[PDB]
Amino acid sequence: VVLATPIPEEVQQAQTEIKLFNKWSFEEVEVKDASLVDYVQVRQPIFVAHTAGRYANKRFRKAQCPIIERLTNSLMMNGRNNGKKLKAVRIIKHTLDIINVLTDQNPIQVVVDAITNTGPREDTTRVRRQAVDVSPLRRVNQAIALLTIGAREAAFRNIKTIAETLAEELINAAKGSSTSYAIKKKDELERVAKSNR
Amino acid sequence: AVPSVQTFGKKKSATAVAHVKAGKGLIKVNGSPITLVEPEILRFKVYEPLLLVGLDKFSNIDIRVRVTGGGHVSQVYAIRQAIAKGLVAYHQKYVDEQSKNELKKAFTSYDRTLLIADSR
Amino acid sequence: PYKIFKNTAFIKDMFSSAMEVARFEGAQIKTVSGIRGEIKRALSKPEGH
Amino acid sequence: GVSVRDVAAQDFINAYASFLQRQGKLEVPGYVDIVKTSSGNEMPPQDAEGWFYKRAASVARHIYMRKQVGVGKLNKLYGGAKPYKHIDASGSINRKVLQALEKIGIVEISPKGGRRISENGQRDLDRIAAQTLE
Amino acid sequence: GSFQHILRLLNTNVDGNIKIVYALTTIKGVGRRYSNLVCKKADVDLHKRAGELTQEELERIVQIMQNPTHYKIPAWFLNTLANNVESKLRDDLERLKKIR
Amino acid sequence: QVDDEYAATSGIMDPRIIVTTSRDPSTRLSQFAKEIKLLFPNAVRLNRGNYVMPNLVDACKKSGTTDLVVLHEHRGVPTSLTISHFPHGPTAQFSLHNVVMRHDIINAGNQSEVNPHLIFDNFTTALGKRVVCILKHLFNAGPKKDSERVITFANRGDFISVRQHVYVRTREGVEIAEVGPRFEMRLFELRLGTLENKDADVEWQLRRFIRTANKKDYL
Amino acid sequence: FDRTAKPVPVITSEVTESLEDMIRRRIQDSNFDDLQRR
Amino acid sequence: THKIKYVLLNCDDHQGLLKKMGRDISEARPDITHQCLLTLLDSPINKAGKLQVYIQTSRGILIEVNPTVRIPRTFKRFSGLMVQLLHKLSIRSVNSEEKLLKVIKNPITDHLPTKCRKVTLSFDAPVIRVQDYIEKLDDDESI
Amino acid sequence: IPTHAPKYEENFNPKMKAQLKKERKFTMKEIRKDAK
Amino acid sequence: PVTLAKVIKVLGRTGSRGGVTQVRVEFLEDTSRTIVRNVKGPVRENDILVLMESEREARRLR
Amino acid sequence: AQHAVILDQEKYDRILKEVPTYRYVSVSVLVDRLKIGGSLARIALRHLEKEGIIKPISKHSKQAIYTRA
Amino acid sequence: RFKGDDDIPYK
RNA sequence: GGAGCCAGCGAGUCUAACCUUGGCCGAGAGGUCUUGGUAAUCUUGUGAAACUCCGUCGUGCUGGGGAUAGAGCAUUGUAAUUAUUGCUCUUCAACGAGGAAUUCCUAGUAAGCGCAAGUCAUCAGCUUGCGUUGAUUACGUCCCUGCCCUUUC
Ligand SMILES: [Mg+2]
Ligand SMILES: [Mg+2]
Ligand SMILES: [Mg+2]
Ligand SMILES: [Mg+2]
């Protein structure tokens, strides 16, 4: 394709198909757990997370939101980072790169697997306490919150940047290894629920 | 005269005016190529319609965009909306309505904000 | 006066310290031209303004 | 049909500053080694050897983009926050930069005020743009 | 030779591991910008740490600091009543007390 | 006699009120705005974050709201209160003095939100009726006879003291307990239009630099 | 020194007493000036 | 603590004041905590760095005691340290390198080790041998 | 284990220039009440 | 192993505690078998929940 | 902590040895594993890419990502 | 170095 | 430290000296010679900030922190060595996320950032307005608490 305004070859490869940051494909990514299928949204590919959508209007508009955009939104907290969504998008880009580096598996698949694994499946409620099942939407929300919080706390006063520590948390969660903070919290919550079961 | 159309895109205080005329694929924003729009991370947000409908439809036209008001994110959204609207107006008023119809379903299937203004 | 914002203005040389301005808040004042005014509040810095 | 606008700002400014240093005809005032470039700045420039040439490249590029510009607009453009209240940049450095660019012939005194990009300077910057695009 | 972990300059102990500018700032009367200017006049590259410094570099730095004007350091760059007020306050306080 | 702006709808439709504050409200002003909401039975609090006055009034008018209350503060101290009536005014601006919030009361308890009885006293001048007419219609019409809540606006030298009390009728006397808040509100501007229109004609404005201001009475 | 404007009134105990006696008087005879539905 | 200057309330030194507060002055004895801290702090296990102390005040205040501290042996100086600690919420070393005494957020449970055994001293509970108890417990855990 | 002594005051007070400023605030407030 | 059950009915007037919803779920493995459970988050019909124990029957949590 | 601030011959050789093995290479990795300063890590990474012992994937001023050649 | 029953210094 | 770089609400000089472009001088602050505007016309695209790219730094009370203090360079009066408001250098503290407790908050909402005017009440690093970036969670319940409606039972 020859155009009066020069266009990079990668832009034509993106014409061929929509890829996150022109580097990751949404075709092969699949949620392993069935119950989370219709709350983790990956079918609609997007170039960049920034969407400026309206997902707070209705109770379950959040599920239609792309999972990567939700991760970028959750990444910005603690006041000093509030409102700086471009920084969150850049950090998530670097994180996907690091994930592809450490493991050749597609980074979006890593994100989906980690969110599936770290979702608290059973929780407790005050009555004393009693065990209760967790709705899939709450599973997704608490998974993303735990992953982001653990990644942030890991690098709060460390040489490691948010990108690398987030990638480490994500891969550890996807493996299921206890090294990830979120998996530790999930196991602790499930153990507490089992005790009050 | 030379065939051409106007369209407007807007978000917050940002407004973009797009001139779409017959030509040879010269796309420019603020007097510069579309490739040099900033911030870099949102560049693909500006590229959206190009890569959705493909650049073949653009090989025969020139688009010139002038943007004012708002911030960088709002200006980028104004650019993409203006590009979309100018495209569809041109394909309406010198191309068969069928082409226009595919262009519209493609854009609305991806993102409605490209055509319909999102006023908060 | 030394600094004017339309009706509002800042004055110097009534008073040596904000001690003095403290009582004369709300006091009736006017210019030689006859424009009437009020002592609203004492500036912390400098003393007497 | 290469132009300044067809080249990335950072790439063009770095390349043109490099050419200005290589040419060695740009007059640099003696006090560049002791100035901060602004009141809001806490420290002087780290790249002491080449910061002045980079500022000259910046001024030339903006003069290319905008037909007429003066010292005040450049002062505002290069200034930043010190509540912080956006203290303006240093006038002396910008004025010396404009004078040097005029001495090279890149710019010239403008009727109606400000400075114009010289046709010679226009072609020169276009040449650096063509080289950078390579 | 061996990197100098610690150095003695103007009767002050400066760590080798710190950069030259931010090591020389430790000396009283020497700040970040003053140390930067002293280094630049001494023709010492700032990227070097304090330990790589050769003896001549340190001596030149010494003479920069001790003779700034001789080396064209800019002049602009280089460096009862309370009790009476208390008594007046006490007089004010006692008079105001007498009013009330 | 009820004003023309209220004469058409006086006692026919219950008032619809939006209570809001200035941009970046302090914590105390948000608490105070909450108290004002509880004062009026049909008030709704709205966070004014980046809302624009043309946008606010236009959205408020479209929604059918009757009155809009905007509160101003200084270091967490309420200082002013402006009431704007739709669709075309009036807009009356007040200055609050000696404001005491119920938050300053420990173990205070919860309010009652029945339609309260209203008490207006010492409103004798023509402007006084205008103020009473403005304040009365903020409340719902036809309060229940046995409603235990009474709101009083007492005018004392132009300084309208506002109090809220709950009563119980005993065999020998009536005993009232204050619920709060306490605040004294003084009118200093009344305009023929909405608060958005800065060019709306001024019905009355408080002259402070006239020599008789120190003794003059208006309400 | 002369004053230009009326001073801010102070809510002393007597003022509160008078106000609450006023309210009790008004409520004793049920003298309420409240809006009546049309 | 109570302003008379703030003083640590004592059963004997202050009797009228605590009567005004309405608290039983039988439960007004901080010296019992002082001696327990003294005997506990000086124990060889602390010298071995295998013991770390927490204090839960009757009011609900949790105080963390760094093992490195050296509380005064006399009660009067001990009282002065408590009032400083309770008001300033922390105590700094003479060399100013660590906070020896610091007030911390309740509950105690979060501060405690992840794997740990909990026991109380109960007169009515069955009598046990401390040495045999600790041996039969696991190693990775704490008590 | 290392041993460090605790640092504390014999009597705790919750320099004079701050004391001077404190009296000014009281005098500023007391006078304003009398003027009102 | 954790079973999967799809929600068929969101019960109301159950007196459940705030933040908890009593629901009726049919097991994916066996459609006929149905059990009442308690859910801690936003729940609707046609969503699938993970159950550790398919034996317990839900009781009001006050 | 104490991080090496100067390049020595043993550290130079030790840099050339392990870095090819690491799947992920970054400034943090060098600081954590080699106990070398961040600045030296940045300077080293600029060298190592020059000999081609490592390849760049994504470059950013704050963060640089590299992998074994 | 404090040892045994030594008390902290009194100033 | 450089470089890229984008808003809107408004104000502004007659029998005067307001907003100030441009030129020159000054390290800066500022000075100086002119110029446009009684204003959708000129200041002004108010080239705001945060923000983004390239670099230095590197888990060290460190190049975070800027309280306190000294010495200078200037503005404003005024006739005093009086203060006033800016800039330069040096000095470099407490603070390492904060107890019992407590307050507010549901979409352009919380939160971050700046720009303008002080237009009879209030306000002077405080009030108001304006614009820029922009979320998590809930949007279901009367179970606890509280307040009501109906029984013209
Ligand atoms: Mg405010
Ligand atoms: Mg806010
Ligand atoms: Mg603000
Ligand atoms: Mg609700």
# chains A, B, ... in the order shown; residues from 1 in each chain; ligands from 1
$ select_by_dssp --residues "range 4-172 of chain F" --states "strand (DSSP E)" --output "number ranges by chain"
F: 17-21, 43-45, 67-73, 78-85, 91-100, 117-121, 149-156, 159-169
$ select_by_dssp --residues "chain K" --states "alpha helix (DSSP H)" --output "PyMOL selection string"
chain K and resi 9-18+27-34+38-51
$ residues_near_ligand --ligand "ligand 4" --cutoff "12 Å" --atoms "only C-alpha atoms (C1' of nucleotides) and all ligand atoms" --output "number ranges by chain"
A: 59; M: 106, 138-142
$ interface_residues --of "chain F" --to "chain B" --cutoff "12 Å" --atoms "only C-alpha atoms" --output "PyMOL selection string"
chain F and resi 50-51+55+59
$ write_last_selection --atoms "N, CA and C atoms" --output "CSV table (one decimal), in the first residue's frame"
chain,number,residue,atom,x,y,z
F,50,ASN,N,-17.3,20.2,39.1
F,50,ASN,CA,-17.1,20.7,37.8
F,50,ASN,C,-18.4,21.0,37.0
F,51,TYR,N,-19.5,21.0,37.7
F,51,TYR,CA,-20.7,21.5,37.0
F,51,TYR,C,-20.6,23.0,36.7
F,55,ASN,N,-25.0,24.9,32.7
F,55,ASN,CA,-25.3,23.5,32.6
F,55,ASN,C,-26.2,23.1,33.8
F,59,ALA,N,-30.0,21.8,33.3
F,59,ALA,CA,-30.4,20.4,33.7
F,59,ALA,C,-31.4,20.5,34.8
$ atom_distance --atom1 "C1' of residue 10 in chain M" --atom2 "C1' of residue 116 in chain M"
5.7 Å
$ residues_near_ligand --ligand "ligand 2" --cutoff "7 Å" --atoms "only C-alpha atoms (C1' of nucleotides) and all ligand atoms" --output "list in words"
residues 24 and 49 of chain F; 110 and 111 of chain M
$ residues_around --residues "residue 91 in chain H" --least-positions-apart "2" --cutoff "10 Å" --atoms "only C-alpha atoms (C1' of nucleotides)" --output "PyMOL selection string"
(chain H and resi 65+69+81-82+84-86+88-89+93-94+96+98-103) or (chain I and resi 6-8)
$ write_last_selection --atoms "N, CA and C atoms" --output "PDB file, in the first residue's frame"
ATOM      1  N   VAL H  65       6.653  -3.271  72.113  1.00  0.00           N
ATOM      2  CA  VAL H  65       7.906  -3.046  72.824  1.00  0.00           C
ATOM      3  C   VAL H  65       9.033  -3.697  72.034  1.00  0.00           C
ATOM      4  N   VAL H  69      14.952  -2.208  73.882  1.00  0.00           N
ATOM      5  CA  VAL H  69      14.749  -1.140  74.856  1.00  0.00           C
ATOM      6  C   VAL H  69      15.344  -1.537  76.203  1.00  0.00           C
ATOM      7  N   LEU H  81       8.095   7.633  81.327  1.00  0.00           N
ATOM      8  CA  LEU H  81       8.214   7.112  79.969  1.00  0.00           C
ATOM      9  C   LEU H  81       6.850   6.741  79.394  1.00  0.00           C
ATOM     10  N   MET H  82       5.964   6.168  80.216  1.00  0.00           N
ATOM     11  CA  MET H  82       4.619   5.843  79.743  1.00  0.00           C
ATOM     12  C   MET H  82       3.865   7.084  79.282  1.00  0.00           C
ATOM     13  N   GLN H  84       4.997   9.970  78.268  1.00  0.00           N
ATOM     14  CA  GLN H  84       5.589  10.410  77.008  1.00  0.00           C
ATOM     15  C   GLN H  84       5.144   9.512  75.863  1.00  0.00           C
ATOM     16  N   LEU H  85       5.143   8.198  76.086  1.00  0.00           N
ATOM     17  CA  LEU H  85       4.762   7.264  75.033  1.00  0.00           C
ATOM     18  C   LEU H  85       3.296   7.431  74.652  1.00  0.00           C
ATOM     19  N   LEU H  86       2.412   7.509  75.649  1.00  0.00           N
ATOM     20  CA  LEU H  86       0.983   7.562  75.358  1.00  0.00           C
ATOM     21  C   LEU H  86       0.610   8.838  74.615  1.00  0.00           C
ATOM     22  N   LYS H  88       2.886  11.061  72.866  1.00  0.00           N
ATOM     23  CA  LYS H  88       3.617  11.151  71.611  1.00  0.00           C
ATOM     24  C   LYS H  88       3.441   9.924  70.726  1.00  0.00           C
ATOM     25  N   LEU H  89       2.848   8.849  71.245  1.00  0.00           N
ATOM     26  CA  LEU H  89       2.543   7.609  70.535  1.00  0.00           C
ATOM     27  C   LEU H  89       3.788   6.836  70.119  1.00  0.00           C
ATOM     28  N   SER H  93      15.105   6.369  70.414  1.00  0.00           N
ATOM     29  CA  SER H  93      16.308   6.027  71.156  1.00  0.00           C
ATOM     30  C   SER H  93      17.140   7.274  71.445  1.00  0.00           C
ATOM     31  N   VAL H  94      18.056   7.136  72.406  1.00  0.00           N
ATOM     32  CA  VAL H  94      18.987   8.223  72.702  1.00  0.00           C
ATOM     33  C   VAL H  94      19.857   8.513  71.487  1.00  0.00           C
ATOM     34  N   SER H  96      18.884   7.917  68.490  1.00  0.00           N
ATOM     35  CA  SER H  96      17.965   8.311  67.423  1.00  0.00           C
ATOM     36  C   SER H  96      18.190   7.475  66.164  1.00  0.00           C
ATOM     37  N   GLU H  98      16.121   4.064  66.118  1.00  0.00           N
ATOM     38  CA  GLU H  98      14.966   3.181  66.084  1.00  0.00           C
ATOM     39  C   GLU H  98      13.930   3.683  67.077  1.00  0.00           C
ATOM     40  N   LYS H  99      12.676   3.307  66.840  1.00  0.00           N
ATOM     41  CA  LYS H  99      11.585   3.608  67.760  1.00  0.00           C
ATOM     42  C   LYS H  99      11.386   2.402  68.670  1.00  0.00           C
ATOM     43  N   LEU H 100      11.869   2.508  69.908  1.00  0.00           N
ATOM     44  CA  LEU H 100      11.816   1.375  70.824  1.00  0.00           C
ATOM     45  C   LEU H 100      10.387   1.041  71.231  1.00  0.00           C
ATOM     46  N   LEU H 101       9.612   2.044  71.634  1.00  0.00           N
ATOM     47  CA  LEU H 101       8.224   1.861  72.036  1.00  0.00           C
ATOM     48  C   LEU H 101       7.345   2.594  71.038  1.00  0.00           C
ATOM     49  N   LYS H 102       6.376   1.883  70.470  1.00  0.00           N
ATOM     50  CA  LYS H 102       5.484   2.433  69.458  1.00  0.00           C
ATOM     51  C   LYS H 102       4.083   1.883  69.668  1.00  0.00           C
ATOM     52  N   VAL H 103       3.089   2.770  69.623  1.00  0.00           N
ATOM     53  CA  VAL H 103       1.701   2.335  69.650  1.00  0.00           C
ATOM     54  C   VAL H 103       1.298   1.878  68.255  1.00  0.00           C
TER      55      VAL H 103
ATOM     56  N   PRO I   6      15.989   4.269  76.181  1.00  0.00           N
ATOM     57  CA  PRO I   6      14.926   5.133  75.658  1.00  0.00           C
ATOM     58  C   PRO I   6      15.167   6.590  76.020  1.00  0.00           C
ATOM     59  N   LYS I   7      14.802   7.479  75.101  1.00  0.00           N
ATOM     60  CA  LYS I   7      14.921   8.916  75.310  1.00  0.00           C
ATOM     61  C   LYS I   7      13.554   9.481  75.667  1.00  0.00           C
ATOM     62  N   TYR I   8      13.493  10.217  76.773  1.00  0.00           N
ATOM     63  CA  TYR I   8      12.239  10.767  77.263  1.00  0.00           C
ATOM     64  C   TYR I   8      12.540  11.990  78.116  1.00  0.00           C
TER      65      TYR I   8
END
$ closest_residue --among "I:28, I:1, I:33, I:20" --to "chain E" --atoms "only C-alpha atoms"
I:20
$ residues_near_ligand --ligand "ligand 3" --cutoff "9 Å" --atoms "only C-alpha atoms (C1' of nucleotides) and all ligand atoms" --output "ChimeraX atom specification"
/F:23-24 /M:113-114
